[PDB]
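As given, the protein sequences belong to chains A and B, one line each in that order.
Each number in the UniProt record's numbering corresponds to the 1-based position in the first sequence with 23 added.
Each number in the UniProt record's numbering corresponds to the 1-based position in the second sequence with 20 added.
Quick reminder that beta carbons are idealized off the backbone N, C-alpha and C, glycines included.
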Amino acid sequence: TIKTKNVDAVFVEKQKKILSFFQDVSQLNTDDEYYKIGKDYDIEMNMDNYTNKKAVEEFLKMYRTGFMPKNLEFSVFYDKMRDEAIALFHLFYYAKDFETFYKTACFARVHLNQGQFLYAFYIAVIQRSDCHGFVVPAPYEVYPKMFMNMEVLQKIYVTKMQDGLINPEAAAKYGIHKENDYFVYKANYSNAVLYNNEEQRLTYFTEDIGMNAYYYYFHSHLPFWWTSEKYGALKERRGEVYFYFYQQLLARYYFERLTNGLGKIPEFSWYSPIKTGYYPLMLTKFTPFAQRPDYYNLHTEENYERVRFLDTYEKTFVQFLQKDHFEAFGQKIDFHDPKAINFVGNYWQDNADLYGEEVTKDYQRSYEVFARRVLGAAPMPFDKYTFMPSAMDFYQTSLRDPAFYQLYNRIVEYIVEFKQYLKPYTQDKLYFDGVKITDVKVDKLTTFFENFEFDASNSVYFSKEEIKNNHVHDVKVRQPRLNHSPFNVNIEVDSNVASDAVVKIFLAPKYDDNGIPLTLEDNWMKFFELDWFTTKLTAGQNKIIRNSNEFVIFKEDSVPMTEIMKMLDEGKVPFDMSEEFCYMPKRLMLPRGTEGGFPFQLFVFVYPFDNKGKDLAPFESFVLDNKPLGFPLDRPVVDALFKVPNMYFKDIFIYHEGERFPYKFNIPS
Amino acid sequence: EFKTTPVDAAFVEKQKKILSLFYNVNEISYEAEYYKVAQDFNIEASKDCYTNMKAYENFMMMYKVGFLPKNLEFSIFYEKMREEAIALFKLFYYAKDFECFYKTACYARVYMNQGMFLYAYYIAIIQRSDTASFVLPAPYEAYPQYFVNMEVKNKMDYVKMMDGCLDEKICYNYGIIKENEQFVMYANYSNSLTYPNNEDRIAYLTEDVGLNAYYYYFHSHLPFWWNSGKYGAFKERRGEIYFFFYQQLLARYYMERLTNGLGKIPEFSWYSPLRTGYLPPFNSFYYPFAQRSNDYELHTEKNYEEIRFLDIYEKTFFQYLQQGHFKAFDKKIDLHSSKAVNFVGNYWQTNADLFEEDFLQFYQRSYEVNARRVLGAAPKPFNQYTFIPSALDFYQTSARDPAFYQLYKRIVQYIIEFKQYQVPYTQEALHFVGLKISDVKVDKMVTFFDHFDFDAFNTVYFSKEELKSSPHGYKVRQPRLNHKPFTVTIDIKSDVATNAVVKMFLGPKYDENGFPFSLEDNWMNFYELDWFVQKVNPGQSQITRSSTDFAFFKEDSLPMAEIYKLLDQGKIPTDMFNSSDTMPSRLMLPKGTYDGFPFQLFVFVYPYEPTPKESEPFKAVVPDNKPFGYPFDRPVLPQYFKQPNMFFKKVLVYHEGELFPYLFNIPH
Ligand SMILES: *[C@@H]1O[C@H](CO)[C@@H](O[C@@H]2O[C@H](CO)[C@@H](O[C@@H]3O[C@H](CO)[C@@H](O)[C@H](O[C@H]4O[C@H](CO)[C@@H](O)[C@H](O)[C@@H]4O[C@@H]4O[C@H](CO)[C@@H](O)[C@H](O)[C@@H]4O)[C@@H]3O)[C@H](O)[C@H]2NC(C)=O)[C@H](O)[C@H]1NC(C)=O
Ligand SMILES: *[C@@H]1O[C@H](CO)[C@@H](O[C@@H]2O[C@H](CO)[C@@H](O[C@@H]3O[C@H](CO[C@H]4O[C@H](CO)[C@@H](O)[C@H](O)[C@@H]4O)[C@@H](O)[C@H](O[C@@H]4O[C@H](CO)[C@@H](O)[C@H](O)[C@@H]4O)[C@@H]3O)[C@H](O)[C@H]2NC(C)=O)[C@H](O)[C@H]1NC(C)=O
């Protein structure tokens, strides 16, 4: 049951070519075609194959000075590395056509750093208009080192060195099985071996390979360092997207807190220690990730300069708030204008659009970059190419760190402060003339854990022979992930006059920790959007049914790249990998329930789909509306002036079936 | 290049069996001898393989329960693990004869946590009187994961997975080379990314494999949890040995500081942040080693309880000092005697002797153990068998962490406070009637770096096929400090004729000031180079003494591959046999300067009193009733160190070739 889609042999060929770059990523098959091309490809000679003369010359000047060497860890948060990554991005992006693009990537694969290559390649494929419709495999299949602890990795390594198992039945005791010609390794979350604070309750969520892969997709669809000029309409809305993404992510995460009895995301100070440490169990082929003990004093000698920066960055904003109206960055900004959200978001991401430029520049110091460094607790980089990575140097790992959520909670809250300048909507804007919701009904909402496997083959090094015969796909990791049963939502509406309408579905908490009901006044930002759609109303009474698996904001699991090869032989590609790349995985839609049924609420909004004066189709097939994202919960609400006949709040309860605890799935018997 | 000992046939058979347990420590060979003997070994029905019945049944009770599972990290600093290691050592030690000992060992090597086995097995060989003379692989060949920085370990792991070098020339540029069908990986000492501070100036001593082995050896020769009654008369001097060991070590270490522009070992407080952090490139295939940032607050919630403990343990000591005399642990102690020095050391080590018992008990808490847990920075163990490791969790990694020297500097100072109670040496106790040193001359003293190999095959996994041939050939190459041999010649005028003791010490000549050290504040900073007895003639004579002969320094360990070849010839290396627990020669001198770095050589001659006829736990125990470190075992009045039988000589320590070791590891 995988949503498919049919394709021609020209596609399959290009698609196989694109996919070839993701196989055995840390090595060279000097037999493969990609090698022959790559070895000899003369870039200077091919200058006429690029849309941009100077991007080629800028690159070639960079390349003659030398790029980041092989094997070292790449991260986009460091100046010289970013600039090489962008330089290579441009080269990919300005390739005349596919042929040129492909030969260019072959060169880059053979000669450049692999994390650098992959980072740029990945973005290029999402960005090149002639690649829209193509499929890239899951980031966890591409960087499996980033999506798994030391324990699994070492087992995998041990098995490769021995070239199999010395003892099938001793292997079984270690969660290592042979099925077919595959090695399957069971893997626990890190709390099964480490419980250093309460945040360890949530590792099935923060360590979820889907969630982390999600954040890397989000970054790749629009890098902070690149303008959004290519997405037209989205440009005047970039800041709003930035807010909305984090606001959503944090509501979802907060929900996981409530069901695990953990309450609000803690605030911190640049001048005080921060409470909760992180102790990464991840390995870099060159180094260990940095640890932040509990009660880490943010303000020590090595941070004095970085913290002076963060503080002014924040204070300048407090000053914008106090000023209401002001000229910043060559733009007059007014805080009572809701459109100022563009500037607000851009300011916090320090993205290229803040300056109205193509690419950010070194001297445009980023707040997020320096927060990540400060909170990362790493010692100072050794040189331009050599740093001590923390979870927060990578999009693939950021969600693993409790401090990640505290950082962006911080930024979101400051944005909420600005939101207080927006007038709350009146009756008039929210009221659907002659339309009323009479009931909403939901199927039982249940969560449960079920096993999930992925190809971890890139973490392993193969011999010259194995690379030839192409036995290079034999390592799978088995890990319990959260999931939920499909459920329906019945909306019963009355309308006297037939007309087109938008239906919106939101999920929210019902109580704080004291068990007092959520007022809207305080809690409008803790609402999580489940679904957007339209229907045709008729005079009288209608029943609208919508399945959880028709929900537009979520996708199915990626399929392993091995299965994509099987399918491409039939002329098929899985739909959700192609145009639903960067949505959250469906299985993580709901927070883990409790066995007695945890109290939430479901909010259902129905409003007229008038025309489509302005609709998002550029980056996201998202707001086909002139409506702010998260409409109507995009600004502070007044309980009294808010509720109208076309809104319905229904009390809902989230259950859980089978084992409550992931580790219970990895016990050998 | 090495001193050999002829060795008979019975010995070679036994030595070989012993060394064979150290092969491929990390997996099991279904076709090896040890495996078949382990399977044939009915532990149940062989109570009569053992001297001690209690020890036998004790182990059985425990074994019916279960021991630390295979693959996990072993550390003797965690209670349940220690109790299990001790039980297994009891078994090894009480084995009726060498046969039962071998079988037990095979048995343990198969069914038990390998780290726990190696620990117990090492110690057993050193302690069993029928094994006293046999040799052991260097600690870096048995536990190479504790002597290899992560970058190197990974380079090896990926070469194994690849089954060799894809392309010699990429490999070369990464410091990987083929030699006699063996892989050699070049290794740098860690950069500011490992010691994010000044302590990185010294990484070439603190990471040095000899120095770390040395510490492992000193522990195994007499473990804190054991009784010293096996060494009879030595038991009355156990605390003295404990002081001397750390005092010497810290004196040596401070000399390395001075030549790298570094000054005094910082002092610390349990209630304040510790300035100097440590980030180890080590992992236990489960957790990476715990990091300690710079300015890490020792007194945080998870340490409240342990600091309380460490704080009274210290203050109890102060109260001793204040009271002069008192009862403690049975005894009535008077700080004016030597039954005192011994007690003081034992106190600080919470060793078995302090309680007058055979083994440390479950509930007797150790200062050193909790000091190390607090300084080590690790989150609290997950359960009985699973802790997060730090450098201070192992004898073989301890010397790598700046905090280690700070911890022992603290203890040693407290002992120096006690030493103020000791009555100073007088003119008459130091003067050698009718003997005088007229001159001391010394050859050029020159340090330098050169390459050293060891086999790291023990942290590489092999297939069923490969194992059938017990495989090695994964060698690590590293620049290591070293010196050129030199001669000390002493000129002596004397009236009559006796045996003399000649002693040589090395001390600093100036502090970080540039100011001359006075003996009052320097006696603790001298480390012993040598000890020997001499027949003195009437009149004028010259004693010549080469560095290669210095009593307290050893040659390098040979790797097993070489040991095997020597054994094939009827030979073993003397130093691995007669003196493994001695510091290596190459580290005899601290790195000099091209310049020449100013130190002083102290030469002491005193009358020899033929005494003790013993059986030595360390080579630091020389057949003399004088204190260890005499005449620098205690506070000095500088005006008695002018006897004609003393000579202080200024020497300058030079250096040659490259000053920085990393220039020894650059590609083309
Ligand atoms: C993920 O995380 C979870 C939680 O941490 C892990 O779950 C743990 O899994 C352990 C197994 O690896 C399990 O331990 C076993 O418990 C059973 C039930 O009591 C015992 O039968 C086992 O004991 C055997 O092994 C011991 C040492 O390894 C021996 O001391 C002992 O002798 C025994 O061997 C057997 O007993 C006979 C002795 O008379 C012997 O003759 C016979 O031949 C047998 O071999 C284990 O102790 C944990 O209990 C379990 N934890 C929990 C809370 O359930 C999970 O493994 C992790 N998964 C992965 C994939 O990493
Ligand atoms: C132990 O530690 C030492 C010191 O850190 C380390 O030595 C360093 O090694 C690297 C390579 O291994 C070496 O740099 C190579 O450097 C050479 C020399 O370049 C010289 O000349 C340049 C002008 O022509 C000048 O710009 C330089 O400053 C320098 O004086 C250079 O030829 C190499 O060039 C590059 O090759 C790489 C291939 O990966 C490409 O990525 C890149 O495009 C270039 O073509 C290369 O940079 C460096 O100089 C050494 N460092 C020092 C301080 O001397 C050891 O390698 C390390 N050993 C082990 C075994 O771990």
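request  = Would you kindly report the start and end of the unbroken alpha helix (DSSP H) that includes B/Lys439?
outcome  = Counted from its first residue, the second sequence places residue 439 of chain B at position 419. Residues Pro422 to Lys439.
query = Under a CB-based cut-off of 9 Å, is B/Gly649 close to chain A?
reply = As a position in the second sequence, residue 649 of chain B is number 629, starting the count at 1. No - not a single Cβ of chain A is within 9 Å of the one on B/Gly649.
ask   = If you draw a straight line from the C-alpha of A/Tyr454 to the C-alpha of A/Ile576, how long is it?
value = By 1-based counting over the first sequence, the position of residue 454 of chain A is 431. By 1-based counting over the first sequence, the position of residue 576 of chain A is 553. If you take the alpha carbons of A/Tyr454 and A/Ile576, they lie about 25 Å apart.
request  = Check the DSSP bridge columns for A/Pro532 and list the partner residues they point to.
outcome  = Walking along the first sequence from the start, residue 532 of chain A turns up at place 509. In the DSSP output, where bridge partners are listed per residue, A/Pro532 has A/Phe623.
key: C-alpha gap between B/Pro618 and B/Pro528, whole angstroms   = Counted from its first residue, the second sequence places residue 618 of chain B at position 598. Counted from its first residue, the second sequence places residue 528 of chain B at position 508. Rounded to whole angstroms, B/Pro618 and B/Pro528 show a C-alpha spacing of 7 Å.
query = On the three-state DSSP scale, how would you describe B/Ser566?
reply = Position 546 of the second sequence holds residue 566 of chain B. Note: B/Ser566 maps to strand in three-state DSSP.
query = alpha helix (DSSP H) containing A/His359: first to last residue?
reply = Sequence index remark: in the first sequence, residue 359 of chain A carries index 336 (1-based). Counting along the chain, A/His359 sits inside no alpha helix (DSSP H), nor does DSSP assign it H or E at all.
message = Give me the residue from B/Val642, B/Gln384, B/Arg497 and B/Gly559 with the minimum Cα distance to B/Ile686.
response = Reading the second sequence from its first residue, position 666 is the one you call residue 686 of chain B. Closest option to B/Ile686, Cα to Cα, is B/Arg497.
task = Name all residues in chain order for which at least one heavy atom of ligand 2 lies closer than 5 Å to the residue's CB.
result = This selection yields A/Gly89, A/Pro92, B/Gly195, B/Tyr206, B/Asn208, B/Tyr682, B/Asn685, B/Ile686 and B/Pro687.
inquiry  = Under 8 Å, CB to CB, which of the residues in the stretch 171-183 of chain B have a partner in chain A?
reply    = Answer set for the stretch 171-183 of chain B: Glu171, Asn174, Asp177, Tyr178, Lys180, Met181, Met182 and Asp183.
Burial state of B/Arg420, where buried means 16 or more other Cβ atoms lie within 10 Å = The residue you call residue 420 of chain B lines up with position 400 of the second sequence. For B/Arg420, the number of other beta carbons within 10 angstroms of its own is at least 16, and it is reported as buried.
key: Beta-carbon proximity list for B/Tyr224, same chain, < 7 Å, skipping 5 on both sides   = As a first step, residue 224 of chain B is located in the second sequence; it is residue number 204 there, counting from the start. Beyond the five residues adjoining it in sequence on each side, B/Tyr224 comes within less than 7 Å, by CB distance, of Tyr209, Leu501 and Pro681 in the same chain, given in chain order.
request  = Following the continuous beta strand (DSSP E) through B/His471, name the residue where it begins and the one where it ends.
outcome  = For the purposes of this step, residue 471 of chain B is taken as residue 451 along the second sequence, with counting starting at 1. Taken as a continuous stretch (DSSP letters only), the beta strand (DSSP E) holding B/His471 covers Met465 to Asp475.
query = How is the alpha helix (DSSP H) around A/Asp517 delimited, first residue to last?
reply = As a position in the first sequence, residue 517 of chain A is number 494, starting the count at 1. For A/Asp517, there is no enclosing alpha helix (DSSP H); the residue is part of the beta strand (DSSP E) that begins and ends at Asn511 to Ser518.
ask   = A/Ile690 versus chain B: which residues are under 7 Å apart at the beta carbon?
value = To locate residue 690 of chain A, count along the first sequence from 1; it is residue 667. Result: empty, since nearest Cβ-Cβ is about 15 Å, beyond 7 Å.
Contacts of B/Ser240 in chain A (Cβ-Cβ under 7 Å) = In the second sequence, counting from the first residue as 1, residue 240 of chain B sits at position 220. When 7 Å is used as the limit between beta carbons, B/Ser240 is near no residue of chain A, the shortest such separation being about 28 Å.
Cβ-heavy atom distance, A/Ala194 to ligand 1, below 8 Å = As a first step, residue 194 of chain A is located in the first sequence; it is residue number 171 there, counting from the start. No, since every heavy atom of ligand 1 falls outside the 8 Å radius drawn around the Cβ of A/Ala194.
message = Are the CB atoms of A/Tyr390 and A/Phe475 within a distance shorter than 9 Å?
response = Walking along the first sequence from the start, residue 475 of chain A turns up at place 452. Walking along the first sequence from the start, residue 390 of chain A turns up at place 367. No, the Cβ-Cβ distance between A/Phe475 and A/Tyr390 is not below 9 Å.
task = Assign A/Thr182 to one of three DSSP states: helix, strand, or coil.
result = If you number the first sequence from 1, residue 182 of chain A lands on position 159. Three-state result, A/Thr182: helix.
query = Since B/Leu213 contacts A/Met411 with CB under 8 Å, what's their CB separation in whole angstroms?
reply = In the second sequence, residue 213 of chain B corresponds to position 193, counting from 1. In the first sequence, residue 411 of chain A corresponds to position 388, counting from 1. Going by Cβ atoms, the distance from B/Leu213 to A/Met411 rounds to 6 Å, so yes, they are a contact pair.
query = Which bits of chain A does residue 9 of chain B rub up against, with CB to CB less than 9 Å?
reply = Nothing can be reported for residue 9 of chain B: it is not among the residues displayed for chain B, which extend from 21 to 688.
ask   = Whole alpha helix (DSSP H) runs in the stretch 334-407 of chain B with 4 or more residues, listed along the chain?
value = Restricting attention to alpha helix (DSSP H) runs no shorter than 4 residues, the stretch 334-407 of chain B encloses them at 359-369 and 387-396, ordered along the chain.
ask   = Hey, is B/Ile408's beta-carbon within less than 9 Å of any beta-carbon in chain A?
value = Working through the second sequence from its first residue, we reach residue 408 of chain B at position 388. Yes, B/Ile408 counts as interfacial toward chain A.
key: B/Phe244 vs B/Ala372 beta-carbon contact at 9 Å   = Position 224 of the second sequence, counted from the start, is the residue given in the question as residue 244 of chain B. Position 352 of the second sequence, counted from the start, is the residue given in the question as residue 372 of chain B. At a Cβ-Cβ threshold of 9 Å, B/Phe244 and B/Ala372 count as neighbours.
ask   = Mind pulling the chain B residues with CB within less than 7 Å of A/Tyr318?
value = Along the first sequence, read from residue 1 onward, the residue named residue 318 of chain A stands at position 295. In chain order: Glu317 and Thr320.
query = According to the neighbour-count rule (16 or more other Cβ atoms, all chains shown, within 10 Å of its Cβ), is B/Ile261 buried or exposed?
reply = As a position in the second sequence, residue 261 of chain B is number 241, starting the count at 1. Burial is judged here by how many other beta carbons sit within 10 angstroms of a residue's own beta carbon; B/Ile261 has at least 16 and is buried.
key: Partner residues on chain A for B/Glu326, Cβ-Cβ distance less than 8 Å   = Residue mapping note: residue 326 of chain B aligns to position 306 of the second sequence, counting from 1. Among the residues of chain A, none has a CB under 8 Å from the CB of B/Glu326; the nearest is roughly 15 Å distant.
Closer than 5 Å: residues whose CB approaches a heavy atom of ligand 1 = With the criterion CB distance below 5 Å from any heavy atom of ligand 1, the matching residues run A/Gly198, A/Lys209, A/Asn211, A/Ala215, A/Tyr686, A/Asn689, A/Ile690, B/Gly86 and B/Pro89 along the chain.
inquiry  = I want to know whether the stretch 636-646 of chain A touches the stretch 242-260 of chain A - three or more CB-CB distances under 8 Å.
reply    = Output reads yes: the stretch 242-260 of chain A touches the stretch 636-646 of chain A.
inquiry  = Tell me the residue span of the alpha helix (DSSP H) that contains B/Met80.
reply    = The residue labelled residue 80 of chain B in the question sits at position 60 within the second sequence. For B/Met80, the enclosing alpha helix (DSSP H) covers residues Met73 to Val85.
ask   = Whole-angstrom Cβ separation of A/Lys566 and A/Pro608, contact assumed at under 8 Å?
value = Start at 1 with the first residue of the first sequence, and residue 566 of chain A comes out as number 543. Start at 1 with the first residue of the first sequence, and residue 608 of chain A comes out as number 585. A/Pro608 and A/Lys566 do not touch by the CB rule: their CB atoms are close to 29 Å apart, not below 8 Å.
inquiry  = The beta strand (DSSP E) that contains A/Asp554, what's its start and end?
reply    = Numbered from its first residue, the first sequence carries residue 554 of chain A at position 531. For A/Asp554, the enclosing beta strand (DSSP E) has its first and last residue at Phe551 to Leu560.
query = Going by C-alpha distance, which of B/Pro286, B/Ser600, B/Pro637 and B/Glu64 is nearest B/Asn78?
reply = Within the second sequence, the letter at position 58 stands for residue 78 of chain B. The shortest C-alpha separation from B/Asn78 is found at B/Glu64.
ask   = Are any of the Cβ atoms in chain B nearer than 9 Å to that of A/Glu174?
value = On the first sequence, position 151 is the one that residue 174 of chain A refers to. Interface flag for A/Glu174 against chain B is set, since a Cβ pair is found closer than 9 Å.
ask   = Can you find a C-beta in chain B that's less than 9 Å from the C-beta of A/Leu225?
value = Here residue 225 of chain A refers to the residue found at position 202 when the first sequence is read from its first residue. No, because no Cβ of chain B sits closer than 9 Å to the Cβ of A/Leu225.
message = 9 Å is my cut-off, CB to CB: does B/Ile48 come that close to chain A?
response = To locate residue 48 of chain B, count along the second sequence from 1; it is residue 28. With 9 Å as the cut-off, B/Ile48 counts as an interface residue toward chain A.
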